[PDB]
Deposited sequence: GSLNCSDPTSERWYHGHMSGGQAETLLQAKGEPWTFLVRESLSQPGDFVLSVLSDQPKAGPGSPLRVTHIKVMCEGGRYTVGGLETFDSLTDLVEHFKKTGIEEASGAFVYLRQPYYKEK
């Protein structure tokens, strides 16, 4: 519940980290460098960025945090309870586009 968290890490470094270890639905949590106090769910999709062989598309999801609650709707006591909940069914990253949390990036 803490080893998928990587703290102060940029979105581009997450992408590099997840694309190299290139298995779909590999995720990690990092704090947002755009909004302090919030966090970002960085997930490696199964969709290639371009043609065959190209790296897989990395998707970032804002997770807002105020009043000690966490939300991406419903809220959660901790980042763990958030990650645990969306691991079941996924996150609708865009209209009809879902990402899934299968493998944590340690």
{"property": "In sequence order, the deposited-sequence ranges that have no modelled C-alpha atom", "result": "1-9, 82-83, 118-120"}
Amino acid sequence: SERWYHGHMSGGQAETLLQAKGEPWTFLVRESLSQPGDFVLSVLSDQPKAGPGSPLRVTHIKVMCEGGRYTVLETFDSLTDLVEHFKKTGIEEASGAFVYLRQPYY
From here on, numbers count along this sequence of modelled residues.
| property | result |
| --- | --- |
| Residue stretch of maximal mean CA temperature factor, 28-36 vs 53-61 | 28-36 |
| 44-52 versus 76-84 - greater average Cα B-factor per the deposited record | 76-84 |
| Chain thirds of CA B-factor: placement of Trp4 | highest |
| Third of the chain's Cα B-factor distribution that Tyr105 belongs to, per the entry | middle |
| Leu18 CA temperature factor, ranked by third within the chain | lowest |
